[PDB]
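Report on the structure given below.
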Amino acid sequence: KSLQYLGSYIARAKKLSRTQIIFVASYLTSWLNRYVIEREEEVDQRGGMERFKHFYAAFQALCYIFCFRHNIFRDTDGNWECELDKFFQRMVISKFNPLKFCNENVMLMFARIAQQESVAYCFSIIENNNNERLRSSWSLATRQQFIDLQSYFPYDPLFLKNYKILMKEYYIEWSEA
Amino acid sequence: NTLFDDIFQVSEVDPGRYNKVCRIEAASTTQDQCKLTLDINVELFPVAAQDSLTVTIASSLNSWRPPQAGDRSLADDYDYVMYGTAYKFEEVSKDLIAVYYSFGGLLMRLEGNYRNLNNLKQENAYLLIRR
Amino acid sequence: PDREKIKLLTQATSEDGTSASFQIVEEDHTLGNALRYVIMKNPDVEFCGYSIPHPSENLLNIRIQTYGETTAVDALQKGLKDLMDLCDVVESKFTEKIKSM
Amino acid sequence: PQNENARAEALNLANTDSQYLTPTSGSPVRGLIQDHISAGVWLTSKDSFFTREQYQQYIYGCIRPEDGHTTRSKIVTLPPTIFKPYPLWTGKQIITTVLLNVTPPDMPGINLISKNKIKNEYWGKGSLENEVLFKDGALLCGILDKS
Amino acid sequence: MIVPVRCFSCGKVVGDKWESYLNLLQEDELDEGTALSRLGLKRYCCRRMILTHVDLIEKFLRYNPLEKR
Amino acid sequence: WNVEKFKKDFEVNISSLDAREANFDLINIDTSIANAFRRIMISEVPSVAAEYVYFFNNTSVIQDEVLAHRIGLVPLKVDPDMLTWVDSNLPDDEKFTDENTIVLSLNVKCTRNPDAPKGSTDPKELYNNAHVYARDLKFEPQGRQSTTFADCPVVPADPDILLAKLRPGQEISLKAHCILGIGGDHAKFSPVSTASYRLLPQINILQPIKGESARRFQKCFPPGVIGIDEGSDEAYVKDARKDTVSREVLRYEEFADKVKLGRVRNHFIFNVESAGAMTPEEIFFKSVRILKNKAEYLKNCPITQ
């Protein structure tokens, strides 16, 4: 839930400074790079992909953050803060296969944007994923709450007339990003 | 490898109260002291009195699965083959011995000279019969 | 799609997938018996049977174990396909005999 | 019952499962009746044979391996009694197979010498079907009965 | 009460067969099993339906609250 | 085994086909599949029957629900292909359409007859409209149906079914909605006055039987089953197909030793009677098709873990 809050917040909160954002990206890629380095070995071992809920959760948040704020992560040179080009690919091809277990609509939007930015190419991994589907296992008794939890974004737009107007100064609508 | 064979001649074929199984009593033609009692699915292998049956007990054939392309085994040499367990041995006299087999309930009792039945152990075994 | 029709019973399916149990909703002996007949003709199948937990829950349990050439899910598919083809053969034969009658 | 203490008691003290023996004399109160006895005399008869197809089907229809009795997560079967001319299993093997799939695997099979209600004379000359023999968990002789 | 419409077991329509069955016994002076056959009732399922029907309704009908006896 | 090996060996024999009943053999098919067709024909081949009955008045001696029930048992001569299925998740207004439903009405009042031949027992001459028949269900076409069903009005397959009886002053007034359904749901939807099979007789004689035994032996089976040959004087089987398998032979001690009674074992003799809506052959075709779709619908469903 926090990770959803975290990702939604960074994306939406207009008054955030470039560096506070890079701060959150730098925390997430850092925490993520460690997860894959210390844990990838546990996947072909006994258990399910649920053992790694928390991994996907964080990777979602980071992907989500990239959707709304990718234009910021290019420094003066045109290089990527946090080596996002090199970093995303590594996770996408990892054994966790984030693309399969995270929210479907975000993973899709990240694909679109990431591909556009020469940052990562996920679209073949997606193809492979829903092909294997028609023909990496997780119960579904508990797999749904997760899909549920990953669908909720606490700072998706408001629908209260006044509050909305009041928030405008503090909000980034998707159209803006 | 093979543990026992002999040609037996059937004395009696009793259908009891069943209609697929018969109890066979038969004596060896080679040993005066070797006799046999055996339940047989006679629907798959009919037997009449005075028939002569060759009877082989073997430890293996040279786990079970339906026959495939080009499988060959000791079973090929015979008409009727059963798999079962030895479950009792007994002294009948100073000279003779009897071993008891069960083939999922169809019972065999083989009595004979203790040297003639030397190779029989209390293990599992295949039974092979041909006419 | 429809995801609620057939499911894997992961507590009786092996790691190598050469053995598995499936629970199919809304099916009794009709399909169950016919499907096991077909599946058992597949030479790589080592074991197969179906069962009906209870007459009051519409459920059908199929078990498949293979000798290791194909997975259990493969055998289910070949069986299902084999069954479809088998019906075609019957329909066509019946048609011809009605015409020729 | 409406609270966990009462739950625990109904599942561990007053539950059916323990109460196999009566406290009066310490003898069984639970068993099968009617159809099931008649059926047993027939299924375990020497005249009873089953093809691979039938044998496997009787097994799975009664085991319910999708239960708490994952003694294995794969059903075990015996080799057939008759190998040739045709693969056949006996009824007594269905029983052995049942026990084999529901007793603990890290534990030797049951050993019992008992008797049933039907005299040997009823089956024919030389029968021993009145004697019930279990060796290492396998029914090697005798039919199963009300007894 | 009145003829059943279908045979309980067969599913076969039987309700068109009561009035004729009576006329067969009455007019043509047949026995019951011959008459049942002539109406096409082959399975004992179906023969039972007409053979043993009791037209109890004809009793109920004699009490009609809507006419001056 | 192999589907081609099956094709080469499978065979159909059609003894008698008629608008109401079929008698035919399926040869060299497995019992599991014959049984499937049989089950499907009885319980899964859709049919049209009255499902909802709307009473406006019934002052007959027969109670509403009972009257409704019998109307539901009336086999309607309607091609089920001419109708689509009702979706039972919509409200009543949206539920019933011109592709969904067929409407029948029934409207009888019984009056006393003045011109009754004095001293009469017959209710036809004593009362007007004493007896109500299935044929009295009037087909009221709705919307497009005036066109679609113009070439085939909706009529009960058995017009002379007795539905109700009345006496002077009593009236029945109802509309019925008739829809698609299957026998497995309720037997009123079953399209058969029964589909069943028997396995073919095999009477095989285990040694010659002649003379006075032959005549004796022959009389243990229906006329024509067992023949006595001229010459060898021995008995032989003419056609087992006429045998009823009474096992009468097995009673007489002298024969019980010399005859085995079996079947040509898969060999299935099917008898299919239609309730009146579709022909037998259509009902059997529809079942062979239904089985195939089950297999096809399943092959294409994704297996969820």
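Letters A, B, C, D, E and F mark the chains in the order given here, with residues in each chain numbered from 1 onward.
The rule we apply is simple: contacts are C-beta pairs under 8 Å (C-beta built on N, C-alpha and C of every residue); 3 or more make two chains touch, one makes a residue touch a chain.
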{"item": "Pair joined by the larger number of C-beta contacts - C-F, B-C", "value": "C-F"}
{"item": "Chain with minimal offset from the mean of all protein Cα atoms", "value": "C"}
{"item": "Subunit D and subunit F: spacing of chain centres that average the CA atoms, whole Å", "value": "44"}
{"item": "Centroid distance [mean C-alpha coordinates] between subunit E and subunit A, Å", "value": "78"}
{"item": "Inter-chain centre distance, subunit C versus subunit E - centres from mean C-alpha coordinates, in Å", "value": "48"}
{"item": "Centre-to-centre distance between subunit F and subunit E (centres being mean Cα positions), rounded to whole Å", "value": "20"}
{"item": "Two or more partner chains touched - positions in subunit B", "value": "66"}
{"item": "Residues of subunit A whose C-beta touches two or more other chains", "value": "137"}
{"item": "Complex contacts: residues of subunit D adjacent to subunit C", "value": "53, 56-57, 59-61, 64-66, 70, 73-75, 77"}
{"item": "Residues on subunit F engaged by subunit A in the complex (per definition of touch)", "value": "302, 304-305"}
{"item": "In the complex with subunit F, residue positions of subunit A that touch it", "value": "133-134, 137-138, 140"}
{"item": "Touching residues (chain side subunit B, partner subunit C) in the complex", "value": "65-66, 68"}
{"item": "Residue ranges of subunit C in contact with subunit B within the complex", "value": "43, 46, 67"}
